[PDB]
Amino acid sequence: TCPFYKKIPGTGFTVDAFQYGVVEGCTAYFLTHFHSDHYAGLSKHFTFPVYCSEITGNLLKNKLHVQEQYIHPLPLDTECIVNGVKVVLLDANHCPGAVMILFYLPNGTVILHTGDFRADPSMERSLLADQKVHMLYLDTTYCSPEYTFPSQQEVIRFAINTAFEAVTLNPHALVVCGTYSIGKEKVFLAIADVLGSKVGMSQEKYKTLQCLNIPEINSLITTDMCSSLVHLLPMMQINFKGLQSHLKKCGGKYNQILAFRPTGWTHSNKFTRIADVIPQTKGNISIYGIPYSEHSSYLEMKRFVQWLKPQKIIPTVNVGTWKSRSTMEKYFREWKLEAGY
Ligand code: NI
């Protein structure tokens with residue numbers, strides 16, 4: 001049965017709640033982004049209205065075959081009316097097509113559901129600045145002070161410089177990047193751009209990427225692996241066995257692999273600067289785990305919430321254990337006392 005933290009009070013609405021069957025009293029289903037923990041349950045047989053971004057709606061139609069008549073895409077940064085309630089979709093700084101949802105309840109309560117997000121000061125100048133928010137349904141993935149990670153810009157600088165150095169030293173090296181969902185496209189796109197190559201991938205992944213409105217994408221990606229020196233592979237194949245096997249397939253075109261696994265956080269973060277990251281190496285194969293996050297660090301999360309000053313916070317992540325829940329509630333109280341709201 002649907003958990004309370006997926007239900008919007010005073011409306012007929014749910015958020016990311018497609019795996020519970022027909023939810024009692026739900027007249028419209030919102031989907032914040034196309035990640036499987038969130039869309040789980042959607043298919044061509046769904047016949048309720050789904051509200052989402054344009055990009056999410058392209059993925060619903062093309063990848064899951066949801067029928068067009070039930071997809072209701074909304075423009076960003078635009079007041080819209082849904083079953084008599086005003087809503088606004090905002091950029092969540094997560095994967096492509098990911099949104100936060102502002103609901104303006106008929107009784108005057110204003111609710112922000114962040115979906116999955118990476119808080120940024122740029123959000124302090126969206127339509128959020130213009131009214132008070134009473135309740136915040138918060139992506140608390142990394143709600144603990146041990147979770148520090150560098151900016152996305154620093155991580156991409158490291159990756160570009162590392163790849164460009166390796167291939168310049170050895171023109172016969174192949175670069176491989178791991179993927180298992182949408183998100184983190186900058187990793188593989190930036191490396192292909194510095195090397196003057198397209199990124200080669202499976203037809204299924206190319207299809208996925210063509211749904212994302214990324215400008216000049218026909219310019220950066222391809223299904224012709226033979227013409228490409230940056231390859232995308234399933235995240236599960238980014239290990240020494242899976243990579244030795246791939247190198248065999250390239251028919252002696254290459255004699256070395258440099259591979260990247262964009263992880264979220266890994267405890268090498270608490271001790272080591274991005275400058276200082278080193279690969280695991282075996283033979284002619286090296287693997288770098290790089291901390292490219294699409295969720296808030298602790299400090300980014302803290303700043304957003306202390307700026308927004310909500311009256312009540314509802315966590316959406318790490319809610320299944322009493323120790324997690326207790327930890328998060330103690331941080332929310334600190335933040336409120338330190339800021340004075
Ligand atoms: Ni997500």
# chains A, B, ... in the order shown; residues from 1 in each chain; ligands from 1
$ residues_near_ligand --ligand "ligand 1" --cutoff "12 Å" --atoms "only C-alpha atoms and all ligand atoms" --output "ChimeraX atom specification"
/A:16,31-39,92-100,114-118,139-141,180-184,264,293-296,316-317
$ select_by_dssp --residues "segment 80-249 of chain A" --states "strand (DSSP E)" --output "PyMOL selection string"
chain A and resi 80-82+85-91+99-104+110-113+135-138+173-179+199-200+221-222+230-234
$ closest_residue --among "A:240, A:254, A:335, A:147" --to "residue 298 of chain A" --atoms "only C-alpha atoms"
A:147
$ select_by_dssp --residues "segment 85-246 of chain A" --states "alpha helix (DSSP H)" --output "number ranges by chain"
A: 152-169, 185-195, 203-210, 217-220, 240-246
$ atom_distance --atom1 "atom CA of residue 53 of chain A" --atom2 "atom CA of residue 6 of chain A"
18.3 Å
$ residues_around --residues "segment 276-287 of chain A" --least-positions-apart "6" --cutoff "10 Å" --atoms "only C-alpha atoms" --output "PyMOL selection string"
chain A and resi 158+173-177+238-241+243-244+247+255-261+268-269
$ residues_around --residues "residue 150 of chain A" --least-positions-apart "5" --cutoff "9 Å" --atoms "only C-alpha atoms" --output "PyMOL selection string"
chain A and resi 155+269+273-274+291-293+297
$ write_last_selection --atoms "C-alpha atoms" --output "mmCIF file, in the first residue's frame"
data_model
loop_
_atom_site.group_PDB
_atom_site.id
_atom_site.type_symbol
_atom_site.label_atom_id
_atom_site.label_comp_id
_atom_site.auth_asym_id
_atom_site.auth_seq_id
_atom_site.Cartn_x
_atom_site.Cartn_y
_atom_site.Cartn_z
ATOM 1 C CA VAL A 155 34.855 16.211 -11.433
ATOM 2 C CA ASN A 269 35.672 11.216 -0.166
ATOM 3 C CA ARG A 273 40.617 15.439 -2.726
ATOM 4 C CA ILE A 274 39.525 14.976 -6.380
ATOM 5 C CA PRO A 291 32.280 11.065 -7.342
ATOM 6 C CA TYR A 292 29.907 12.656 -9.798
ATOM 7 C CA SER A 293 26.691 13.192 -7.769
ATOM 8 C CA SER A 297 25.655 17.053 -0.495
#
